[PDB]
Amino acid sequence: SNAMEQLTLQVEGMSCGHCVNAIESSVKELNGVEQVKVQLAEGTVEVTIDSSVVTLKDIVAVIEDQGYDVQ
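Residues numbered from 1 in each chain as written, not as in the entry; some residues may be left out. Heavy atoms only, no water.

The deposited coordinates derive from solution NMR.

Colleague: Before we go on, may I ask you to explain the pairing of strand β1 (residues 4-12) in this structure?
Modeller: A regular strand places its side chains so that they alternate between the two faces of the sheet. As paired elements, β1 and strand β3 (residues 44-50) share 7 bridges and run antiparallel to each other. Its bridge partner being in β3, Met4 is matched across the sheet by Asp50. With 2 bridges joining them, β1 and strand β4 (residues 69-70) adopt antiparallel strand pairing. Directly across from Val11, in β4, lies its bridge partner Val70. (Pairing = 2+ DSSP bridges. Helix = DSSP H or I, 4+ residues; strand = E, 2+ residues; numbered from the N terminus.)

Colleague: What is the right way to look at the UniProt feature "domain: HMA" (unreviewed entry) in the chain in this model?
Modeller: Here, the residues flagged by UniProt with the feature "domain: HMA" (unreviewed entry) are residues 5-71. Measuring from the first to the last C-alpha atom of residues 5-71 gives 16 Å, for a span that is 33% helix and 36% strand. (UniProt positions renumbered as here; feature names shortened; annotations may be inferred.)

Colleague: How should the side chain of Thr48 be read in this particular structure?
Modeller: Residue placement: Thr48 occurs in strand β3. Given the relative accessible area of 12%, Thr48 is considered buried. (Buried < 20%, exposed > 50% of the residue type's maximum accessible area, 1.4 Å probe, protein only.)

Colleague: Quick question: what am I supposed to make of helix α1 (residues 17-28) here?
Modeller: Spacing of three or four residues puts side chains on the same side of an α-helix, whose turn is 3.6 residues. The end-to-end C-alpha distance of α1 is 17 Å, a good match for the 16 Å that 12 residues give at a rise of 1.5 Å each. Among all positions of α1, only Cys19, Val20, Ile23, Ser26 and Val27 are buried. Mapping the buried residues of α1 onto a view down its axis gives an arc of 145°, with all of them on the same face. Structural note: α1 exposes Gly17, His18 and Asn21 on the side pointing more than 90 degrees away from its buried face. On its buried side, α1 packs onto β1, β2 (33-39), β3 and α2 (56-65). (Expected span 1.5 Å × (residues − 1). Arc of directions from axis to C-beta. Contact = heavy atoms within 4.5 Å.)

Colleague: Would you explain the sheet that holds β4 in this entry?
Modeller: As a general point, the strands of a sheet are linked pairwise by backbone hydrogen bonds and lie either parallel or antiparallel. Pairing is antiparallel across the open sheet formed by 4 strands, whose spatial order is β2-β3-β1-β4. One side of each edge strand has no neighbouring strand; the edge strands of this open sheet are β2 and β4. Across the sheet, α1 touches β1, β2 and β3, and the angle it forms with β2 is around 160°. (Axes fitted to C-alpha atoms, helices over the stretch in contact; angles between N-to-C directions.)

Rendered as structure tokens:
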């Protein structure tokens, strides 16, 4: 990570526990993502990303494609 920003995404669509693993990897699998904190009960995912590699849009695009609404 060259430049890691800690971003917290509010997530509409995680009603189940399997969603946790799904979305966390959906971000994590993306090269440039450092760590992901998927908070199922809170409806937020706090991700540390290297914005010198992965973009914010990349994160959102993949997450929503997996079936989540994130702001």
